[PDB]
Each structure stands twice: as C-alpha cells, then as structure tokens.
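Asker: Quick one: structure below, then a few questions.
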Amino acid sequence: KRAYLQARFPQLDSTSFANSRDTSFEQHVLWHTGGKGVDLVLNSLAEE
Amino acid sequence: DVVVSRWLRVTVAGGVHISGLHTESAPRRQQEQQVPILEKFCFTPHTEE
C-alpha cells in the first residue's frame, strides 16, 4: 500500500508515511512536526 | 543512562518508560517563613542633645 500511494501521489515523501497496525505513528508525527502536531486528523481507527 | 524527549514527551532510563507526564503548579506557600532581622549601621555621637 505504501508503494501504491507513492506511485499515485508523487508529492508524498518517505517521511509522509507511518504504520497503521500499531501506535507508532504518534512518535513519527510528533518528531517530524517538531512536537507541534498536526491540525486536522481524519481518524477511522479505534481503541488505543 | 536517561534520555528525556520533550517533543515526544517520553522519559526512558534503563528499564522504565514514562509517557505523558503532567505536572501542576503547587502553592509553594510554606508557613512560618523566615523573618530576617533588618538593621541599619550608622554613626551615633557619644553626646547627643
């Protein structure tokens, strides 16, 4: 799916992806945004 | 070794891993605070009228 998205939208970078099956995306987003976080979060996942 | 990451808000030191610490301000008001003795050093004439 990462490869398909990269093919579809060339603007995306290797730092614009993260893992969905686990809770590792929090650290990725916080690090790459300088701790500022994001503005909108279109969420469809549950529990933790 | 201990590492503190404020961007990610994690403190890892050995086998422990704190995530999401929150600290609230305490009044810092201690009763019976010090009462320093205040003085002025001045010349007093031997004879005063």
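Residues in the structure tokens are numbered from 1 in each chain, the chains being A, B, ... in the order shown, and ligands are numbered from 1 in the order shown.
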Where in range 12-48 of chain B does DSSP assign strand (DSSP E or B), given as a list in words?

Answerer: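 Everything in range 12-48 of chain B that counts as strand (DSSP E or B) is residues 12, 13, 16, 17, 18 and 19 of chain B.
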
Asker: Could you please select, counting only C-alpha atoms, the residues of chain A within 7 Å of chain B and state them as a PyMOL selection string?

Answerer: chain A and resi 27+30-31+34-35

Asker: So which bits of range 1-45 of chain A end up helix (DSSP H, G or I) when you DSSP the backbone, as a PyMOL selection string?

Answerer: chain A and resi 2-8+25-32

Asker: Find the distance between CA of residue 14 in chain B and CA of residue 17 in chain A and write it in Å to one decimal.

Answerer: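 Taking CA of residue 14 in chain B as the start and CA of residue 17 in chain A as the end point, the length is 29.6 Å.
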
Asker: In Å, with one decimal, what is the gap from CA of residue 23 in chain B to CA of residue 36 in chain A?

Answerer: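 These two atoms are separated by 19.4 Å.
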
Asker: Enter the distance from CA of residue 41 in chain A to CA of residue 3 in chain B, in Å, rounded to one decimal.

Answerer: 28.9 Å
